Trainee: 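Okay, here's the structure, questions in a sec.
Atom set for the values below is all heavy atoms of this structure, side chains included, hydrogens, waters and symmetry mates excluded. In what follows, every chain begins at residue 1, and chains take the letters A, B, ... in the order their sequences are listed.
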Amino acid sequence: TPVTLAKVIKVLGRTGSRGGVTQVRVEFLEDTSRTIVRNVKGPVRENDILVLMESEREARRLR
Amino acid sequence: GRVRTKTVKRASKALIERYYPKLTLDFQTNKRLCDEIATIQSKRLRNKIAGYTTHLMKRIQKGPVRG
Amino acid sequence: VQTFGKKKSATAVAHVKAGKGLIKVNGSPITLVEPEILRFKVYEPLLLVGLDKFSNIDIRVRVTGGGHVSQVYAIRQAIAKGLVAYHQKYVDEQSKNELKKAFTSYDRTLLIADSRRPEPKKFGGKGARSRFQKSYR
Amino acid sequence: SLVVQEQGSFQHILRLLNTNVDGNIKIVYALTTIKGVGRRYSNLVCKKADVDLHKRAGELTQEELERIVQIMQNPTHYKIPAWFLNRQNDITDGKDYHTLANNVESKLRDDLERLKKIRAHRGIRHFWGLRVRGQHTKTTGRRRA
Amino acid sequence: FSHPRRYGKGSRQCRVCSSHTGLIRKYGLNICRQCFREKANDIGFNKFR
Amino acid sequence: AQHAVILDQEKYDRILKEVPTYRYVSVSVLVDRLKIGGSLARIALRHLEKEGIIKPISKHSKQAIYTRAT
Amino acid sequence: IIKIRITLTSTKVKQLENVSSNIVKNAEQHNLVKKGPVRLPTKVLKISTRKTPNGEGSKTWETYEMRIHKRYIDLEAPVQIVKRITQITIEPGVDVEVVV
Amino acid sequence: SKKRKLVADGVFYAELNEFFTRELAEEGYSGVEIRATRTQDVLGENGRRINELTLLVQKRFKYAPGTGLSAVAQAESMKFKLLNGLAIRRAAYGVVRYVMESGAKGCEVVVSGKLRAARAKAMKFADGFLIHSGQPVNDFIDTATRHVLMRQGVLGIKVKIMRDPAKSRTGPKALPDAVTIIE
Amino acid sequence: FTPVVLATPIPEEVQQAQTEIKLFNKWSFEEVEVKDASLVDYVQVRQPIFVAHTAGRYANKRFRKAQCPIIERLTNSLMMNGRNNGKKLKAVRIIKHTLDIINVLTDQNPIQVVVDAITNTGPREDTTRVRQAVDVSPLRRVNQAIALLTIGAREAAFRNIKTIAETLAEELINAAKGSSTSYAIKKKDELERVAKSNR
Amino acid sequence: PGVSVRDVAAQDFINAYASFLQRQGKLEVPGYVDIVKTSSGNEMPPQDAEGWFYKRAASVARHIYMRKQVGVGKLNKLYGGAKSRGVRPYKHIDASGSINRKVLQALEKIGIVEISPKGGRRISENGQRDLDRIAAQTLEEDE
RNA sequence: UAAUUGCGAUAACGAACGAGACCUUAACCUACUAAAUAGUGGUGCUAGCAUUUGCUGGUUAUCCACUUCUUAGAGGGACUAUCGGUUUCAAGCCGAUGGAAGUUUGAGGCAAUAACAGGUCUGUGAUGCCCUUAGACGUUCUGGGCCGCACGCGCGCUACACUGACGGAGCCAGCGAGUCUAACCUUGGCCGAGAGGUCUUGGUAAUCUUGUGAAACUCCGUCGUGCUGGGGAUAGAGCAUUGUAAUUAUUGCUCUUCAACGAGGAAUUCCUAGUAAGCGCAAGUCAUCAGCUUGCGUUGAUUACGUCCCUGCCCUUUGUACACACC
Ligand SMILES: [Zn+2]
């Protein structure tokens, strides 16, 4: 299981039909000049750290 | 919620439009002056009016507002 | 001199005087308040500032009005506030201030009474906010 | 509790009062296994016989078991309250009994049959097999399979 | 002629409608629940909460 | 009930050879490790806490907390 | 001079206080000795009832409240002052009772 | 007791109100004090009616022998107008306009029932200012509900008056929301 | 160390507490460092706590619940089933007994081992029915670790000899040590099973 | 150094005074042992026949010393618990009046308890002396 | 924004009812007023222990003072306050601090212009028409009945167990209710295992029940992981009161069988912090009976701080040959 940790730098907004998932822009701790968007269900605030198995799979808005 | 109504906002405007050389940005002095020059017949409404006038006077130091 | 403290409905009134290190709760010593798990909750408003730190003060408290843990919270608030008042009036205002700092750094509604009150229960359902159940269809 | 090696004084499931008794349960609850004797009745009779309550019928004794049988079949004489037994004024005698054997069911059947033959409302409901103690079959006890 | 009715709904009724149902036998009212609601404020029972 | 009701002398050496192979002993551990049934396990541990190699940590009831001698 | 206890009960707080407070001044103007006015707790006669006269609609219960308030004072006055203080207090709506 | 005593006083007040409204309707009753729209037939033939009413109330309550702007008043007067004969819409309009010119700050009359056979309609007359509802309706509003019993059917009449808060003479003298300053 | 004495009889067992490094009544509190950097500020060790009964306002705001001591989170999670609803005193007794069991069996700084087990049992990725593989916030990780541990303890202490304290303690040992014979870790593995097939 | 019964709260004091009543030899038992449930709301009497009556006496003595005079009804309310009323919800059911009455009468017969002019019975001089001695012995034996 | 709440945009401006505002209550107030119908301390009535005097301590007409604890009157406090950020420009919102409390401070009462073929003529001595009217459909009495059982549905309590059951043991509430034309709440003794009866006694009530000496729960033991000791379903025997009447078990009590239930399919209800849930209490019906409801309090969580996926409704747009308005 690949392990990489990053930190959210921008919460975009709520997402999904039911409104449970959320798009957040997250900047990686290593090689910090890269911000990717992820989908998260639980609450997230600023300067919070996520752990993700995959690195480059841009999760888009879930209509 | 924490939004103010017309009967408080327009009354606060009416007070501040003729009592600017008057009560400062302090809520206590504003509420006491409300008791002084306004026959406001409720403590709740008196406190709301004083708070909104305080907010108006505080924001007037950052530029004149509409109305 | 005299203080009072409440958590939900239990009020505890504590008299603090110049005496010899005697702290009672309902006539029993503080070792036998006996919630059997909150015996350290009651110790907290004394163990926090110092080990004993007080052999010159006597606190006698009497509590009634609520439940077991409610009365435990009431007494542990009341004795702490009595200590605060005793330092405020006799010992020192500075000393009151540094013990208030420790009380607020371990704040457990120790100094401020908890404002959580049971909300009135409304018709059409057991409980204040939960309503009875309908299937109808 | 004590040296209970009991190479020859340990009892498996045994025979007592027309009913097999499980030897791995204590005296009270193992005597409860007989149809007619329950928990509190067994407790009272055992504490009247003054046997140890913390041991089972497997290792308790071998003669005090027959003593407990005798006191059970003679409750009124052997230190048992009259109110503590299940049957006073049986149907025709007015003296108080307690059937602790494979006969309490027979007594219940005889009560049912005489109460039916006397042509009572309880009797006719009992014959019809419906609830007799005022219970409501509109929604409750419907299938009764 | 008349059998005793010293208890029960044959004994008690609303002093207004004579209804045996809805009677409020509290506080010394002895008045029905509907007449109470209609003519309640005239007794001193106000609606406050 | 199904095993080791009162006797516990079929393997009566296991009343002594029980400290090793597990650092914890309890009423549940007695039933679990094929040694004692729950009809007398509490008093069997009472004897060991009165005299033995296990020392209790508290006055626990409905549970047991024992540790070996240091 | 005799000792008396004056009891005021009512539902109208305005008149209840307008009576219990002039009694203090009526005593002081004659320079009497008295234990202060004590306020026995107001008791609510809250009673719940069903709004509709029938069995249709959502189950909505409404409560009617009758708040009864009542005070008591100890006084020491001669028979003449006692009759005076019991005669001035004829305010309609507050029940006044004097015991000796 | 005390709670039972004052509850008994309250129900006795209700008894007085109901009996006096039923009996003294012909004299224009408004409320028990007694209060009638004219204070002359209260005395009547030099006290005959009131003496009779005192005798009746004593006999009932086991008592010792010797121990314009009103909503209900206008409601009962308009009930009398409808009962003895006048156009219903005209009567309601006259009542509302009369209350309006009598200084009241707002009136509303609702008449419901079988004017002519139909599905029974509600005809209203509302003039002036009215607030409904809140606490200030108990503060300054007078409401009356009346049943008119003609030869065909029953008419429900609700009359509501918003009395002028300025001419209060007791309690608050203005509206709860009225804010006025001087400069 | 400076054993002060007052008039009433009280043991030194509490009087030895905070002259030295601040500690629990039986277990070290300051030697607790969460093994990851994601769940930090979502556990609430350091500050230390006298006992898991901080009955305070923790549901008014959105992230004012996250500042609850992890032991009290465990107690409040054991606070379920309706039959065990309320009885916070019972729940905290089981939690204390579990702490003692973790001390006796592979002590490993029991609260540090419990926080490590919660970090290891926080599901790192889940799926939402749209099924799309979404990431998990650290607060959700912590809450799901607590809930899974509690529900596993319940469903293991159901119909067994082992008591609730013993089984929750043993399950916490498995979770901390990193074994896939534990119910919470197995449910985490089920949640992570949809990581490639739903991504 | 100035010790009362309020230095052993709930369990060691009862285990001390019940053992003291056992060693005293004075029985005061009216024969209710093994025959009574100790309340109408139970299912089975206490497990051990020897000890429950003495513990009842210990509880009533300690209660009437810690507080003022209290009655048979008050003790019945205190000792009465809930009852499984069948398929009905549980309910507080008062204890057996006779058992508490006979325990209090036994205490009166020993003389450790006297009546009060207002109602109920209060611990006597010798009763309070004995209870304080029991407390002191409990502190000196098991902390 | 809870809101046609407001900002803002703007051929609109200024306004009105409703919402807010208002009131009730639950939070605080070492501030004022006054308290043997409440509480606390200094003195003799203080028996115990300890004896330099200190802890619990009864003394309800045993004196003094006090109101911090309780009560209730005038009043004060919160107005989102301050600071940062987000904010169309602002209404507002987000964090921290202070606060007594920052989701309208929590919860309610009132709640418009109007419509329903919604419910009630079985509440009304409210009522149009008709029926009935002395073999009555008026009143009244006797018995049953509404409870009934091939079956279906809903709201519920017990429930299915070791976070448990059983015993002792520790003793913590709040809303209240209660008889002067008299039998209401009952204290304390007496009898009875229990139910219940008996001598009284207190209370027309912050006085007495009542400190509701409640449960849940804590502690200590046994039960050993079992349809068992959870469940008391199911019937019989006896014991009393309520009731002129317990048969068609009112109810309680003791004994006797421990039955289905071994976690519940598709489905499906309520709910966002003192709320869920668990637990009990009082009140309405009561001559007696709760599993019902209305209030009250004890223990006090998980999740999220939002969205339109479903459901419901509102608004807007849009079509109309509808206007008695899709019946
Ligand atoms: Zn009526």
Side-chain angles (χ1 to χ4, degrees), chain D residues 13 22-26 28-30 32-33 39 56, chain F residues 1-6 8 18 21-45 60-66, chain I residues 74-102 104-105 114 117-118 121 144-177 179-191, chain J residues 43-44 84 87 90:
Chain D
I13 290 108
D22 200 72
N24 315 296
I25 327 294
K26 260 78 146 173
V28 209
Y29 305 91
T32 317
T33 340
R39 256 161 317 271
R56 314 91 47 183
Chain F
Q2 302 269 301
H3 153 82
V5 278
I6 72 158
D8 314 332
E18 55 93 30
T21 63
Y22 45 99
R23 214 156 96 175
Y24 180 46
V25 180
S26 70
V27 194
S28 73
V29 154
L30 259 55
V31 191
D32 288 332
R33 321 253 175 176
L34 261 301
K35 37 180 167 168
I36 310 289
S39 297
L40 301 159
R42 228 136 60 247
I43 311 111
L45 290 202
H60 38 69
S61 178
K62 310 266 178 301
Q63 221 270 337
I65 306 282
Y66 304 137
Chain I
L74 216 58
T75 68
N76 282 357
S77 46
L78 296 203
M79 262 272 262
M80 311 311 213
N81 201 29
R83 207 97 164 110
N84 297 347
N85 263 188
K87 327 190 177 310
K88 175 83 171 287
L89 290 198
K90 220 216 296 284
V92 72
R93 185 179 165 93
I94 295 109
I95 293 290
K96 282 310 125 192
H97 265 211
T98 58
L99 259 183
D100 273 306
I101 300 267
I102 293 332
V104 304
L105 288 169
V114 85
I118 284 138
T121 51
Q144 227 160 350
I146 309 307
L148 276 194
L149 290 165
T150 283
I151 222 174
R154 178 117 49 196
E155 295 295 273
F158 210 60
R159 307 326 175 72
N160 63 359
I161 296 126
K162 299 204 175 185
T163 65
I164 167 61
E166 297 176 358
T167 185
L168 168 92
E170 175 98 72
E171 191 218 325
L172 272 160
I173 304 176
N174 316 113
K177 82 155 297 177
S179 81
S180 304
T181 327
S182 179
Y183 173 86
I185 293 210
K186 271 154 41 183
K187 297 256 86 150
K188 198 263 201 60
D189 276 331
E190 240 301 279
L191 290 193
Chain J
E43 204 61 43
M44 281 224 282
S84 315
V87 281
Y90 293 69

Trainee: Quick check against the 3.5 Å criterion: does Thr150(I) have a side-chain atom that pairs as donor or acceptor with the backbone of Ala147(I)?
Mentor: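 Flag not set: sc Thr150(I) to bb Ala147(I) has no pair under 3.5 Å.
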Trainee: Please confirm whether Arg33(F) makes a cation-pi placement over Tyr22(F), using NZ or CZ under 6.0 Å from the six-membered ring centre and within 45° of the ring normal.
Mentor: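 The answer is yes, since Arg33(F) meets both limits relative to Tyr22(F).
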Trainee: Taking salt bridge (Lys or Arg N to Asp or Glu O under 4.0 Å) as the definition, give me every residue that meets it alongside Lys26(D), ordered by chain and number, with sequence neighbours left out.
Mentor: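 Here no residue qualifies.
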Trainee: Got a sec, which residues hit salt bridge (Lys or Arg N to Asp or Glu O under 4.0 Å) with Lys188(I), two or more places apart in sequence or on another chain?
Mentor: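 Expected list: none.
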Trainee: Keeping the roles fixed (side chain from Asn160(I), backbone from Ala156(I)), state whether a donor-acceptor pair exists under 3.5 Å.
Mentor: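 Yes, the answer is positive, given that a donor and an acceptor are paired below the 3.5 Å cut-off.
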Trainee: Does any part of the side chain of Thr98(I), heavy atoms only, come nearer than 4.5 Å to the side chain of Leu172(I), both counted from C-beta?
Mentor: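 Not in contact.
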Trainee: Any side-chain heavy atom of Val114(I) sitting closer than 4.5 Å to one from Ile102(I)?
Mentor: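 No, side chains not in contact.
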Trainee: Which residues satisfy the salt bridge (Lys or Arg N to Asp or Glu O under 4.0 Å) test with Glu170(I), sequence neighbours excluded?
Mentor: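 Residues passing salt bridge (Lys or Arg N to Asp or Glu O under 4.0 Å) with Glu170(I): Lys162(I).
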Trainee: If you compare all heavy atoms of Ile164(I) against all heavy atoms of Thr167(I), which two are closest, and at what distance to 0.1 Å?
Mentor: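 Closest pair (atom of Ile164(I), atom of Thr167(I), distance): O-CG2, 3.2 Å.
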Trainee: For the backbone of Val104(I) and the side chain of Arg23(F), can you confirm whether one donor and one acceptor N or O come within less than 3.5 Å of each other?
Mentor: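 Side chain of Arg23(F) to backbone of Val104(I), a donor-acceptor pair under 3.5 Å: yes, one is there.
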Trainee: For the side chain of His60(F) and the backbone of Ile65(F), is there at least one donor-acceptor N/O pair under 3.5 Å apart?
Mentor: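 Yes: the side chain of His60(F) pairs with the backbone of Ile65(F).
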Trainee: When rounded to the nearest 0.5 angstrom, what distance separates CD1 in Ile118(I) from CG in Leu74(I)?
Mentor: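 Output value for this atom pair is 5.5 Å.
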Trainee: Quick check for you: to the nearest 0.5 Å, what is the distance between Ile36(F) atom CD1 and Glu18(F) atom CD?
Mentor: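 Atom-to-atom, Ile36(F):CD1 and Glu18(F):CD are 9.0 Å apart.
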Trainee: Nearest 0.5 Å, please: how far is CD in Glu171(I) from CG in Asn174(I)?
Mentor: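 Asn174(I) CG to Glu171(I) CD: 7.0 Å, rounded to 0.5 Å.
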Trainee: For a 4.5 angstrom cut-off between non-hydrogen side-chain atoms, does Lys187(I) reach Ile151(I)?
Mentor: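 With C-beta onward as the side chain, the pair stays apart.
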Trainee: Considering non-hydrogen atoms only, spot the tightest contact between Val27(F) and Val31(F) and give its length.
Mentor: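 Scanning both residues, the minimum pair turns out to be O-CG2, 3.2 Å.
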Trainee: Measure the shortest side-chain to side-chain distance between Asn81(I) and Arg154(I) over non-hydrogen atoms and say whether it is less than 4.5 angstrom.
Mentor: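 A side-chain contact under 4.5 Å exists here.
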Trainee: Name all residues meeting the ring pair (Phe, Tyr, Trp, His ring centres under 6.0 Å) criterion together with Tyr183(I); count only those two or more places apart in sequence or in a different chain, and write none if there are none.
Mentor: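 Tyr183(I): no ring pair (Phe, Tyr, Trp, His ring centres under 6.0 Å) contacts found.
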Trainee: Could you report the tightest heavy-atom contact between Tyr66(F) and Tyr24(F), atom names first, then the distance?
Mentor: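 It is O-CD1, 3.8 Å.
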Trainee: Nearest 0.5 angstrom please: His97(I) NE2 to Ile95(I) CD1, how far?
Mentor: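 Output value for this atom pair is 11.5 Å.
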Trainee: Any side-chain heavy-atom pair from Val29(F) and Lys35(F) closer than 4.5 angstrom?
Mentor: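 Touching, per the 4.5 Å side-chain cut-off.
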Trainee: Between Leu30(F) and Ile161(I), is any pair of side-chain heavy atoms under 4.5 Å apart?
Mentor: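 No - every pair of side-chain heavy atoms lies 4.5 Å or more apart.
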Trainee: List the steps, then state whether side-chain contact (heavy atoms from CB on, under 4.5 Å) holds for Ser77(I) with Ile146(I).
Mentor: CA-CA 7 Å; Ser77(I) 46; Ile146(I) 309 307; 3.1 Å; yes
Trainee: First locate atom CD1 of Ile101(I), then atom CG of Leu168(I), and finally report the distance between them rounded to the nearest 0.5 Å.
Mentor: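 Taking CD1 in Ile101(I) and CG in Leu168(I), the distance rounds to 10.0 Å.
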Trainee: Evaluate side-chain contact (heavy atoms from CB on, under 4.5 Å) for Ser179(I) paired with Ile185(I), printing each intermediate quantity in order.
Mentor: CA-CA 7 Å; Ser179(I) 81; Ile185(I) 293 210; 5.8 Å; no
Trainee: The test is side-chain contact (heavy atoms from CB on, under 4.5 Å); show your working for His3(F) and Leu34(F) and say whether it passes.
Mentor: CA-CA 8 Å; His3(F) 153 82; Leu34(F) 261 301; 3.3 Å; yes
Trainee: Who are the salt bridge (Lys or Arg N to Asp or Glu O under 4.0 Å) partners of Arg93(I), not counting sequence neighbours?
Mentor: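 Not a single residue meets the salt bridge (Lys or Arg N to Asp or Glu O under 4.0 Å) criterion with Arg93(I).
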Trainee: Mind running side-chain contact (heavy atoms from CB on, under 4.5 Å) on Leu149(I) and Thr121(I) for me, showing each step along the way?
Mentor: CA-CA 8 Å; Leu149(I) 290 165; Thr121(I) 51; 4.3 Å; yes
Trainee: Can you confirm whether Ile13(D) sits close enough to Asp22(D) that some side-chain heavy atom of one is under 4.5 Å from a side-chain heavy atom of the other?
Mentor: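 The answer is yes; the side chains approach within 4.5 Å.
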Trainee: Show the nearest heavy-atom pair for residues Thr75(I) and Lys88(I), with the distance to one decimal.
Mentor: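 Between these two residues, the closest heavy atoms are OG1-CE, 3.3 Å.
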Trainee: Check whether any side-chain heavy atom of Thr163(I) sits under 4.5 Å from a side-chain heavy atom of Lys62(F), and report yes or no.
Mentor: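 With C-beta onward as the side chain, the pair stays apart.
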Trainee: Supply the atom-to-atom distance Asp8(F) CG to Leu40(F) CG, rounded to the nearest 0.5 angstrom.
Mentor: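 Result: 7.5 Å between the selected atoms.
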Trainee: Would you please name every residue forming a side-chain hydrogen bond (donor to acceptor under 3.5 Å, both in side chains) with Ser28(F), sequence neighbours left out?
Mentor: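 Listed in chain order: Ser26(F), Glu166(I).
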